[PDB]
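One chain comes next, on its own, written as C-alpha cells: the form deposited in one PDB entry.
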C-alpha cells in the first residue's frame, strides 16, 4: 500500500567553496525543534529531494524581493495567510481553491482600503511542520509535529518521526503549487469575479449591514476601472507566492539550489518556497535557523513575541539584512492585544534608527490563544482584531509603515475561532473543528477581518 522511490546512485553542481563553508557552519550550529530520526535515513531522503524539480524558481524570488521592497518603503502592503498546518489528507483541489479564493478576496478589499498594491503570500505548498513546547501532549502521546514529521492520529506508532515524510511533503507541495499557479492564471483571479463573492458575504453575514457601504464602494471602484477601458487581460496576472516556516532543516537544505543573477555571483536559493520565516522557538541568534537564513537569498521573516527587546531586534536586522536591502527582512510582531501597544513602540523606534527598511508585519493570532472550557484550543476574534488595531496605532503615532498582516485562515466554514459576526461559541466550536493545529479564522471571519483592516487603513 505504498509507492517506491529510488535513491539516485554527480547530481548537484558543487557549491563554490565559501557557500559550502558557510552552509556547513550554519548547519553545525545547534537547532531547536528538529525531528529525531536516523541520520542515514534523513540522508537518503535528502538525496532524493536534491534531484527533484524545485517548487519555486529564483526569478520568482527576485520579483518577490522587489515587491517586498515596495512594502518596506511604505508603498505596498503584505497579506500573508492560509492554514496553520497543511495536511496531506486535505491537500485537495477544493481546499486549495478555497484558500486561494479567500486570499484573493481579502486582498482586493485591502488593496482598496490601503490605496496601494497588496502582495499576496500564501501559507501553502510546504507548511507541514510545526514546533512544540512539550514533547508529550495531553494524551500522553509524543506530540504531533505536522505531516512532514509524523501523523496526527492519536496513537504511538503514527507519532513516530518518519523520514519518508520529507519526500511525501515535497510530493504534496509540488502538487499544490502546480495548482496554485494554474489557479492564479485562470478566471479565479479576475478582480470582478473575486469581488462578487464579497457581495454574497455581505448578504449572508449577520453583520452585513456593517460592511455594506465599504463593499459597495469597492464595487464602484471596480466598475469605475472597467468604465475607463481597463479589462482583465491588460492587468498583471495575479501572483500568489508560497511560504512556510523554515523548521525542518533536513527538508530546507535538500531544497537549496545554486543560481545566477543579481550581479552575477552564485547564490543559494531555498527553492521549497518563495519566502520563509523563523518562528519564536527556533530564532536563537546563534542557532542554525538564523545562520541558515543568512546563507539563502530568499526574503525571510522573524517572529517577535512579547519578550523581544529593541536590542535583540536590531541584532536580527544587522544579521539578516546586512547589505541593507529593503524587503529582505520582515519582522513579525506577535505580542497579544493587551501588550502590543506597550511592547512594540520601542522595538520599532530602535530598528527604524538603524537606517534599515524592514517590513513591519502584524501576526495577531499567536499572541492571542487560549484553551476553552469545552476543551478545544481557541482564539477570540475581538482580541485578534484589537491586536491589529493596536499595531496600527503604534505605527501611526510613530509615522512608520504598518506593512502587513500574517494570519491563519481557511476558505472553509470551520468553527475554530470564537466570535465574529456569526458569534461562534465554545459550544459551537466542538461541532466543526477541522484544524491539525491552531484555530484558523473561517471564510467569514477572515473576510470580516479584511474589512476591518481596510477601515484601519483608511483612517
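Think of the rigid core as the biggest set of C-alphas that the two forms share within 1.5 Å after superposition. Residue numbers count along the first chain shown, from 1.
The discussion below concerns the form deposited in another entry, not included here.
Undergrad: Given a rigid core superposition of the two forms, which one of 236, 133, 307, 115 has its CA shift by 2 angstroms or more between this form and the one not shown?
TA: If I go through the list carefully, the shifting residue is 236.
Undergrad: Cα of residue 286 displaced 2 Å or more between this form and the one not shown, core superposed?
TA: No, shifts by less than 2 Å.
Undergrad: On a core-based superposition, does residue 160 travel 2 Å or more at its Cα between this form and the one not shown?
TA: No; that C-alpha moves by less than 2 Å between this form and the one not shown.
Undergrad: Using the core for the fit, does the CA position of residue 262 change by 2 Å or more between this form and the one not shown?
TA: Comparing forms between this form and the one not shown, the residue 262 CA shifts at least 2 Å.
Undergrad: Could you tell me whether residue 261 and residue 72 have their C-alpha atoms closer or farther apart in the other form than in the shown form, knowing the shift is 3 angstroms or more?
TA: Farther: residue 261 and residue 72 separate by 3 Å or more in the other form.
Undergrad: Which way does the C-alpha gap of residue 76 and residue 236 go in the other form, closer or farther, given it changes by 3 angstroms or more?
TA: Distance between the C-alphas of residue 76 and residue 236: longer in the other form, by 3 Å or more.
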